[PDB]
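Written below as structure tokens is the structure these notes are about.
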Protein chains: 2
Amino acid sequence: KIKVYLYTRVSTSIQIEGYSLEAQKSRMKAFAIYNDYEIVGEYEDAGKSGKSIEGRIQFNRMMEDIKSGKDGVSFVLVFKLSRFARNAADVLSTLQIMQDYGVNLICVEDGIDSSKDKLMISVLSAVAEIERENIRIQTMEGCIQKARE
Amino acid sequence: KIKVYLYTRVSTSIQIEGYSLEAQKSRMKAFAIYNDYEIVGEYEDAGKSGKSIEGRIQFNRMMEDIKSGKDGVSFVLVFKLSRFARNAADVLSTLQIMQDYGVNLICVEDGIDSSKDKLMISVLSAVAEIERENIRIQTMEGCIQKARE
């Protein structure tokens, strides 16, 4: 059977968002079942620490386990991209490293599967260029302003 | 022959970016030629007004001409997505309206062609969800702050 890892997270905290994590996980496990996948790892940044926005620790543990080939996984399943990456440049670099190491991405709710693609990479790269240029424009406007003060 | 419109713009002003507009346009015309397209309109927001960031007037004229069916165009050619939209939610809604009215998008430099797709729409929608949620998080953090003042 095709081997997969499950990855789940909250954006803010478990207080605010925890309640829908288990509905996400159940959904992802059902999908695993219907597609005859074998789950060999589950990783979760559940927002259980006392800060406002959740970090990325288990996500980083997952990526080391991917790099190492430990479990021989073909996919990471996420609920959707916004429960995986913080912006387009993030989605892109993470996806590129994953595929470097033989691993594709399935977003269960979005219906996106990167192995059925390289159009996904082109769009993401194109949208990451939008974000970078927005940052340059903000920096340029900020230099104009610091120039009056 | 397949009929197309060309669309070009600067992000900031013609002063800063104008110089590479004509290299873009030449490229786009060459592409039109090699692909045996027939150009039936050219629209340009060239950043010739006296403001910092360029607007969207000719782009808006183009979209009315698309809605009206005037010229019977099958594609809009842009140089790349960042010379077309301001963020992912923008790329998505514009692309959806265009296709509503029978029109697809070719990004000459990115090599993206929306008619060869609906994976493009799914990714864009997924990345637009990232942006929306970033906005909600910023608004929530801002309410926390206004609550101390």
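Convention: chains lettered A, B, ... in structure tokens order; per-chain residue numbering from 1; ligands numbered from 1 as shown.
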Go through chain A and flag each residue having an atom no more than 8 Å from chain B; for those, report the closest pair of atoms plus their distance in Å to one decimal, using only C-alpha atoms, ordered by chain and rising number, as JSON lines.
```
{"residue": "A:12", "atom": "CA", "partner": "B:137", "partner_atom": "CA", "distance": 7.8}
{"residue": "A:80", "atom": "CA", "partner": "B:126", "partner_atom": "CA", "distance": 7.3}
{"residue": "A:81", "atom": "CA", "partner": "B:126", "partner_atom": "CA", "distance": 6.0}
{"residue": "A:82", "atom": "CA", "partner": "B:130", "partner_atom": "CA", "distance": 4.8}
{"residue": "A:85", "atom": "CA", "partner": "B:130", "partner_atom": "CA", "distance": 7.7}
{"residue": "A:86", "atom": "CA", "partner": "B:130", "partner_atom": "CA", "distance": 6.6}
{"residue": "A:87", "atom": "CA", "partner": "B:130", "partner_atom": "CA", "distance": 6.2}
{"residue": "A:88", "atom": "CA", "partner": "B:127", "partner_atom": "CA", "distance": 6.3}
{"residue": "A:110", "atom": "CA", "partner": "B:122", "partner_atom": "CA", "distance": 6.7}
{"residue": "A:111", "atom": "CA", "partner": "B:122", "partner_atom": "CA", "distance": 7.8}
{"residue": "A:112", "atom": "CA", "partner": "B:122", "partner_atom": "CA", "distance": 7.0}
{"residue": "A:119", "atom": "CA", "partner": "B:120", "partner_atom": "CA", "distance": 7.4}
{"residue": "A:120", "atom": "CA", "partner": "B:123", "partner_atom": "CA", "distance": 6.9}
{"residue": "A:122", "atom": "CA", "partner": "B:110", "partner_atom": "CA", "distance": 6.7}
{"residue": "A:123", "atom": "CA", "partner": "B:120", "partner_atom": "CA", "distance": 6.9}
{"residue": "A:124", "atom": "CA", "partner": "B:123", "partner_atom": "CA", "distance": 7.7}
{"residue": "A:126", "atom": "CA", "partner": "B:81", "partner_atom": "CA", "distance": 6.0}
{"residue": "A:127", "atom": "CA", "partner": "B:88", "partner_atom": "CA", "distance": 6.3}
{"residue": "A:129", "atom": "CA", "partner": "B:82", "partner_atom": "CA", "distance": 6.4}
{"residue": "A:130", "atom": "CA", "partner": "B:82", "partner_atom": "CA", "distance": 4.8}
{"residue": "A:131", "atom": "CA", "partner": "B:87", "partner_atom": "CA", "distance": 7.1}
{"residue": "A:133", "atom": "CA", "partner": "B:82", "partner_atom": "CA", "distance": 7.8}
{"residue": "A:134", "atom": "CA", "partner": "B:86", "partner_atom": "CA", "distance": 8.0}
{"residue": "A:137", "atom": "CA", "partner": "B:12", "partner_atom": "CA", "distance": 7.8}
```
Print the selection's residues with C-alpha atoms to a file, as a PDB file, in the first residue's frame.
```pdb
ATOM      1  CA  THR A  12      -4.094  30.738  16.009  1.00  0.00           C
ATOM      2  CA  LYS A  80      -6.276  22.275   2.956  1.00  0.00           C
ATOM      3  CA  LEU A  81      -3.307  24.541   1.981  1.00  0.00           C
ATOM      4  CA  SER A  82      -4.130  27.192   4.579  1.00  0.00           C
ATOM      5  CA  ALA A  85       1.509  26.996   4.625  1.00  0.00           C
ATOM      6  CA  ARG A  86       1.511  30.685   5.543  1.00  0.00           C
ATOM      7  CA  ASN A  87       1.735  32.173   2.012  1.00  0.00           C
ATOM      8  CA  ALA A  88       2.368  31.061  -1.596  1.00  0.00           C
ATOM      9  CA  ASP A 110      -9.317  21.370  -1.776  1.00  0.00           C
ATOM     10  CA  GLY A 111      -9.110  18.122  -3.796  1.00  0.00           C
ATOM     11  CA  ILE A 112      -5.536  19.016  -4.829  1.00  0.00           C
ATOM     12  CA  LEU A 119       1.299  23.346 -13.513  1.00  0.00           C
ATOM     13  CA  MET A 120       0.853  23.588  -9.717  1.00  0.00           C
ATOM     14  CA  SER A 122       4.148  27.297 -12.122  1.00  0.00           C
ATOM     15  CA  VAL A 123       1.058  28.948 -10.628  1.00  0.00           C
ATOM     16  CA  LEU A 124       2.508  28.917  -7.117  1.00  0.00           C
ATOM     17  CA  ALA A 126       3.826  33.031 -10.297  1.00  0.00           C
ATOM     18  CA  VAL A 127       1.822  33.962  -7.178  1.00  0.00           C
ATOM     19  CA  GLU A 129       6.367  36.539  -7.526  1.00  0.00           C
ATOM     20  CA  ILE A 130       3.256  38.664  -6.819  1.00  0.00           C
ATOM     21  CA  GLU A 131       4.011  38.504  -3.051  1.00  0.00           C
ATOM     22  CA  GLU A 133       6.954  42.334  -5.560  1.00  0.00           C
ATOM     23  CA  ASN A 134       4.366  43.557  -3.075  1.00  0.00           C
ATOM     24  CA  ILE A 137       6.897  48.050  -3.222  1.00  0.00           C
TER      25      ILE A 137
END
```
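Taking only chain A, the residues that DSSP calls strand (DSSP E or B) from the backbone come to residues 3, 4, 5, 6, 7, 8, 9, 38, 39, 40, 41, 42, 43, 44, 45, 75, 76, 77, 78, 104, 105, 106, 107, 112 and 113 of chain A.
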Next, the residues of the selection above should be written as a short mmCIF file (atom, residue, chain, number, x, y, z; two decimals), in the first residue's frame with N, CA, C and O atoms.
```cif
data_model
loop_
_atom_site.label_atom_id
_atom_site.label_comp_id
_atom_site.auth_asym_id
_atom_site.auth_seq_id
_atom_site.Cartn_x
_atom_site.Cartn_y
_atom_site.Cartn_z
N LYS A 3 2.06 4.55 1.31
CA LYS A 3 2.25 5.08 2.67
C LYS A 3 2.15 6.62 2.74
O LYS A 3 2.76 7.35 1.90
N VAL A 4 1.45 7.11 3.76
CA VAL A 4 1.26 8.52 3.95
C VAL A 4 1.45 8.95 5.43
O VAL A 4 1.35 8.13 6.40
N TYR A 5 1.79 10.23 5.58
CA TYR A 5 1.75 10.95 6.86
C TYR A 5 0.52 11.84 6.84
O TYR A 5 0.16 12.38 5.76
N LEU A 6 -0.12 12.03 8.00
CA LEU A 6 -1.16 13.04 8.19
C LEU A 6 -0.55 14.26 8.86
O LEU A 6 0.20 14.09 9.80
N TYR A 7 -0.86 15.47 8.39
CA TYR A 7 -0.42 16.70 9.08
C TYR A 7 -1.60 17.60 9.36
O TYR A 7 -2.35 17.93 8.46
N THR A 8 -1.75 18.03 10.61
CA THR A 8 -2.83 18.94 10.98
C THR A 8 -2.26 20.07 11.84
O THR A 8 -1.23 19.93 12.47
N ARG A 9 -2.98 21.19 11.89
CA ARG A 9 -2.58 22.37 12.71
C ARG A 9 -3.75 23.33 12.91
O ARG A 9 -4.78 23.20 12.27
N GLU A 38 -1.97 3.71 3.60
CA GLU A 38 -1.48 3.24 4.87
C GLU A 38 -0.81 4.40 5.60
O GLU A 38 0.18 4.97 5.13
N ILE A 39 -1.37 4.75 6.76
CA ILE A 39 -0.89 5.87 7.54
C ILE A 39 0.24 5.32 8.37
O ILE A 39 0.07 4.30 9.05
N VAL A 40 1.40 5.98 8.30
CA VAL A 40 2.59 5.59 9.02
C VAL A 40 3.13 6.71 9.92
O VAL A 40 4.21 6.56 10.52
N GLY A 41 2.37 7.80 10.07
CA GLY A 41 2.75 8.90 10.95
C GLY A 41 1.71 10.01 10.98
O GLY A 41 1.11 10.31 9.98
N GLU A 42 1.50 10.60 12.14
CA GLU A 42 0.57 11.70 12.29
C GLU A 42 1.29 12.77 13.06
O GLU A 42 1.88 12.48 14.11
N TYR A 43 1.29 13.99 12.52
CA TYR A 43 1.97 15.13 13.10
C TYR A 43 0.97 16.31 13.24
O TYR A 43 0.13 16.52 12.38
N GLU A 44 1.06 17.05 14.33
CA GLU A 44 0.06 18.05 14.69
C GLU A 44 0.68 19.22 15.43
O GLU A 44 1.31 19.02 16.45
N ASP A 45 0.50 20.43 14.89
CA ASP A 45 0.83 21.67 15.62
C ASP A 45 -0.50 22.25 16.18
O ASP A 45 -1.18 23.02 15.50
N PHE A 75 3.04 10.31 0.22
CA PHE A 75 2.28 11.58 0.38
C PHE A 75 2.25 12.15 1.83
O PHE A 75 2.38 11.39 2.82
N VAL A 76 2.15 13.48 1.93
CA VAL A 76 1.57 14.14 3.13
C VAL A 76 0.15 14.58 2.81
O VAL A 76 -0.09 15.27 1.77
N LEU A 77 -0.79 14.17 3.65
CA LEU A 77 -2.15 14.65 3.59
C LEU A 77 -2.30 15.81 4.57
O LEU A 77 -1.99 15.67 5.75
N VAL A 78 -2.78 16.94 4.05
CA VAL A 78 -3.28 18.10 4.82
C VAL A 78 -4.78 18.28 4.56
O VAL A 78 -5.35 17.69 3.59
N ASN A 104 4.80 13.76 -2.36
CA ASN A 104 3.76 14.65 -2.87
C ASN A 104 2.71 15.07 -1.82
O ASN A 104 2.64 14.53 -0.70
N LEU A 105 1.91 16.07 -2.17
CA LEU A 105 0.96 16.71 -1.27
C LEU A 105 -0.47 16.49 -1.74
O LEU A 105 -0.77 16.71 -2.93
N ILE A 106 -1.30 16.04 -0.80
CA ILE A 106 -2.75 15.90 -0.99
C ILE A 106 -3.40 16.81 0.03
O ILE A 106 -3.02 16.81 1.21
N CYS A 107 -4.27 17.69 -0.48
CA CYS A 107 -5.13 18.56 0.29
C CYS A 107 -6.48 17.96 0.15
O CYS A 107 -7.09 18.01 -0.92
N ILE A 112 -6.77 18.79 -4.10
CA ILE A 112 -5.54 19.02 -4.83
C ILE A 112 -4.60 17.85 -4.52
O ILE A 112 -4.49 17.43 -3.38
N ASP A 113 -3.95 17.32 -5.56
CA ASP A 113 -3.01 16.22 -5.44
C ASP A 113 -1.85 16.56 -6.39
O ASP A 113 -2.03 16.53 -7.63
#
```
Q: Looking only at alpha helix (DSSP H) from DSSP on the backbone, list the matching residues of chain A as number ranges by chain.
A: A: 14-17, 21-34, 57-68, 88-100, 119-146
**Q.** CA of residue 14 in chain A to CA of residue 55 in chain A, distance in Å rounded to a single decimal
**A.**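 Separation of CA of residue 14 in chain A and CA of residue 55 in chain A: 11.9 Å.
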Q.
Between CA of residue 115 in chain A and CA of residue 118 in chain B, what is the distance in Å, rounded to a tenth?
A.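 Going from CA of residue 115 in chain A over to CA of residue 118 in chain B, I get 15.2 Å.
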